[PDB]
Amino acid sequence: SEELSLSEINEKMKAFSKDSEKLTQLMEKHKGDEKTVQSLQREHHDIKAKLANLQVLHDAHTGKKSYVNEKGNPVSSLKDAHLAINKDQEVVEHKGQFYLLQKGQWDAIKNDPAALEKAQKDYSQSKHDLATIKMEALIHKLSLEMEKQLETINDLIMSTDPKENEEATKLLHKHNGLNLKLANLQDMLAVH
């Protein structure tokens, strides 16, 4: 699986922001209809989370975040990564206890149970979210591939030569085969 390129990340974030803005207008328009308003809010929350997940990959591509393994040592690629952390963060680990905290602050949290518990929580949440981002990344990548097929299925089918149209027809089959895989990816995501 090739990662999403920066152009792909930007194109998705742009579509999600646009969709988010439209959901907001719609909530305003249906105010008073508690069923539709509730469903629109559920959609908007979902789009917002996907946007935030794309922003993490954006930060990673621009150096505001760095990929690291479970111990917090730097790694090259996303497939190798266990967390993406900020410039000012570090991991502390011992015998299966992992802490994510601000760089230099181990002295400050060492004797503080609330800060300890927070650092463990942040580590685990960060690990799980990176797993979510990887899965969404694959879904986004696959979806962008199917989208660019539509543009192409179109002109091909426009043509009258039984060659380019019979092509379009096999392109449509392939497109639909991808939709089967995309749906199954969406299923796993929901489990995680």
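The numbering used is simple: start at 1 and walk along the sequence shown.
The mean Cα B-factor in the deposited entry runs higher for 152-160 than for the other of 135-143 and 152-160. Of the two stretches examined, 170-178 and 9-17, the record assigns the greater average C-alpha temperature factor to 170-178.
Across the residues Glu90, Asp122, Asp107, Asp112, the deposited record lists the maximum Cα B factor for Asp107.
Among the modelled residues of its chain, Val75 has a C-alpha B-factor that falls in the highest third, as given in the PDB entry.
Remark: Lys95 belongs to the highest third of its chain, ranked by C-alpha B-factor as recorded. For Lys35, the recorded CA B-factor ranks within the highest third of the chain. Only modelled residues enter the ranking.
Among the modelled residues of its chain, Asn53 has a C-alpha B-factor that falls in the lowest third according to the deposited record.
Sorting the modelled residues of the chain by their CA temperature factor places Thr62 in the middle third.
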